[PDB]
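Working notes, structure below.
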Amino acid sequence: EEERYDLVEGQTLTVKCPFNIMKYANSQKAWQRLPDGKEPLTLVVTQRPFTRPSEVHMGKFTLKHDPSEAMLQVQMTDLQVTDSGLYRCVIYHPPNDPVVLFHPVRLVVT
Ligand SMILES: [Zn+2]
Ligand SMILES: [Zn+2]
């Protein structure tokens, strides 16, 4: 179910994650990394009010919340080989289990 994204170091990863607006208009969203045998790492989250279009920066991560297109877009800039790993976009609502959007992204940076 994971999709491979093969990129060269220095490139920017862009991932478009649709979300169901009827269900998740007023929910927080997040980008997570999934290290093997560890808890998900939440890398960047949207901010309140959760229904509003937004763009948040957190280090090399950018999350664009585009409800007009029922879309969350994630960008990671200046990729390094050590960014290689499994990631996902989610509906974020702890302590409830995240709802996975789209499909997991297997990022391979060389
Ligand atoms: Zn929720
Ligand atoms: Zn290289």
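Ligands are numbered from 1 in the order shown, residues from 1 within each chain, and chains are lettered A, B, ... in the order they appear in the structure tokens.
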All residues 7 Å or closer to stretch 12-22 of chain A, only C-alpha atoms, same chain fewer than 6 positions away omitted, as an MDAnalysis selection string | chainID A and resid 70:79 89 101:102
Got a sec to check which residues lie within 6 Å of ligand 2, using only C-alpha atoms and all ligand atoms, and send them as a PyMOL selection string?
-> chain A and resi 8-9+110
If you keep N, CA and C atoms, can you produce a file of those selected residues as a PDB file, in the first residue's frame?
```
ATOM      1  N   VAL A   8      16.646  12.547  -5.494  1.00  0.00           N
ATOM      2  CA  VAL A   8      18.044  12.816  -5.322  1.00  0.00           C
ATOM      3  C   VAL A   8      18.131  13.799  -4.206  1.00  0.00           C
ATOM      4  N   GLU A   9      19.183  13.654  -3.433  1.00  0.00           N
ATOM      5  CA  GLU A   9      19.482  14.628  -2.385  1.00  0.00           C
ATOM      6  C   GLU A   9      19.590  16.075  -2.913  1.00  0.00           C
ATOM      7  N   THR A 110      18.761   9.459  -2.617  1.00  0.00           N
ATOM      8  CA  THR A 110      20.135   8.989  -2.859  1.00  0.00           C
ATOM      9  C   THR A 110      21.135  10.117  -3.110  1.00  0.00           C
TER      10      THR A 110
END
```
Could you list the protein, DNA and RNA residues that have any atom within 12 Å of ligand 1, counting only C-alpha atoms and all ligand atoms, and write them as a short mmCIF file (atom, residue, chain, number, x, y, z; two decimals) with N, CA, C and O atoms, in the first residue's frame?
```cif
data_model
loop_
_atom_site.label_atom_id
_atom_site.label_comp_id
_atom_site.auth_asym_id
_atom_site.auth_seq_id
_atom_site.Cartn_x
_atom_site.Cartn_y
_atom_site.Cartn_z
N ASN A 20 -11.18 14.03 3.04
CA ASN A 20 -12.63 14.16 2.93
C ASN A 20 -13.10 15.38 3.73
O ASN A 20 -13.08 15.35 4.97
N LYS A 23 -15.95 15.12 6.45
CA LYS A 23 -15.56 14.55 7.74
C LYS A 23 -14.52 15.36 8.51
O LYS A 23 -14.57 15.48 9.74
N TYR A 24 -13.57 15.93 7.79
CA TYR A 24 -12.34 16.39 8.40
C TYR A 24 -12.11 17.86 8.18
O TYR A 24 -11.01 18.28 8.37
N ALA A 25 -13.14 18.63 7.81
CA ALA A 25 -12.96 20.08 7.59
C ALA A 25 -12.37 20.75 8.85
O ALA A 25 -11.39 21.49 8.75
N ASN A 26 -12.92 20.40 10.00
CA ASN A 26 -12.54 21.01 11.28
C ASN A 26 -11.62 20.08 12.11
O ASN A 26 -11.73 19.99 13.35
N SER A 27 -10.79 19.34 11.44
CA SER A 27 -9.82 18.48 12.10
C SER A 27 -8.43 18.99 11.79
O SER A 27 -8.14 19.54 10.71
N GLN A 28 -7.54 18.74 12.74
CA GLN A 28 -6.14 18.94 12.54
C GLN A 28 -5.56 17.84 11.60
O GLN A 28 -6.00 16.66 11.59
N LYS A 29 -4.55 18.25 10.83
CA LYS A 29 -3.81 17.35 9.97
C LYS A 29 -2.33 17.41 10.28
O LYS A 29 -1.83 18.38 10.85
N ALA A 30 -1.63 16.34 9.94
CA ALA A 30 -0.24 16.23 10.26
C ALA A 30 0.50 15.40 9.24
O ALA A 30 -0.06 14.52 8.56
N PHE A 50 -9.04 25.16 12.27
CA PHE A 50 -8.63 24.07 11.41
C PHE A 50 -9.35 24.07 10.08
O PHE A 50 -8.86 23.41 9.14
N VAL A 90 -1.85 12.42 7.92
CA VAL A 90 -2.91 11.93 8.76
C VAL A 90 -3.84 13.02 9.24
O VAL A 90 -3.49 14.21 9.29
N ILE A 91 -5.06 12.60 9.55
CA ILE A 91 -5.90 13.36 10.49
C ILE A 91 -5.32 13.08 11.87
O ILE A 91 -5.20 11.92 12.29
N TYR A 92 -4.97 14.17 12.56
CA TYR A 92 -4.32 14.19 13.83
C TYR A 92 -5.25 14.62 14.95
O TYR A 92 -5.76 15.76 14.98
N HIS A 93 -5.50 13.68 15.86
CA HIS A 93 -6.44 13.89 16.96
C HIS A 93 -6.09 13.02 18.16
O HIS A 93 -6.88 12.17 18.56
N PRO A 94 -4.93 13.24 18.77
CA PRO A 94 -4.53 12.40 19.89
C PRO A 94 -5.42 12.67 21.13
O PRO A 94 -5.91 13.79 21.28
N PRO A 95 -5.64 11.70 21.99
CA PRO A 95 -5.03 10.37 21.91
C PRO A 95 -5.72 9.37 20.97
O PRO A 95 -5.31 8.22 20.98
N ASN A 96 -6.72 9.78 20.18
CA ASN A 96 -7.28 8.87 19.17
C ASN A 96 -6.19 8.49 18.13
O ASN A 96 -5.24 9.26 17.91
N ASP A 97 -6.29 7.29 17.54
CA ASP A 97 -5.41 6.84 16.46
C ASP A 97 -5.56 7.81 15.30
O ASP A 97 -6.69 8.19 14.95
N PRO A 98 -4.47 8.21 14.68
CA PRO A 98 -4.54 9.05 13.48
C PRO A 98 -5.32 8.33 12.36
O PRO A 98 -5.31 7.08 12.30
N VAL A 99 -6.00 9.08 11.52
CA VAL A 99 -6.64 8.53 10.33
C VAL A 99 -5.68 8.78 9.21
O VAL A 99 -5.34 9.92 8.93
N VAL A 100 -5.24 7.72 8.54
CA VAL A 100 -4.28 7.86 7.45
C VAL A 100 -4.98 8.37 6.19
O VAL A 100 -5.96 7.79 5.76
#
```
Contacts of residue A:41 at 9 Å (only C-alpha atoms; same-chain gap of 5+ positions) as a list in words | residues 31, 32, 33, 34 and 35 of chain A
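Taking atom CA of residue A:109 as the reference point, atom CA of residue A:66 is found at 26.8 Å.
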Please return as a PDB file with C-alpha atoms, in the first residue's frame: the residues of chain A that backbone DSSP assigns to helix (DSSP H, G or I).
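The new file result-v4.pdb reads:
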```
ATOM      1  CA  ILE A  21     -13.973  17.692   3.661  1.00  0.00           C
ATOM      2  CA  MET A  22     -17.305  16.420   4.908  1.00  0.00           C
ATOM      3  CA  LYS A  23     -15.564  14.554   7.741  1.00  0.00           C
ATOM      4  CA  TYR A  24     -12.343  16.388   8.402  1.00  0.00           C
ATOM      5  CA  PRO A  67      -9.608  22.964   1.861  1.00  0.00           C
ATOM      6  CA  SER A  68     -10.783  24.748  -1.262  1.00  0.00           C
ATOM      7  CA  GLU A  69      -9.261  21.749  -3.137  1.00  0.00           C
ATOM      8  CA  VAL A  81      19.859  10.690   2.203  1.00  0.00           C
ATOM      9  CA  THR A  82      19.031  10.312   5.949  1.00  0.00           C
ATOM     10  CA  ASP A  83      15.468  11.593   5.282  1.00  0.00           C
TER      11      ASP A  83
END
```
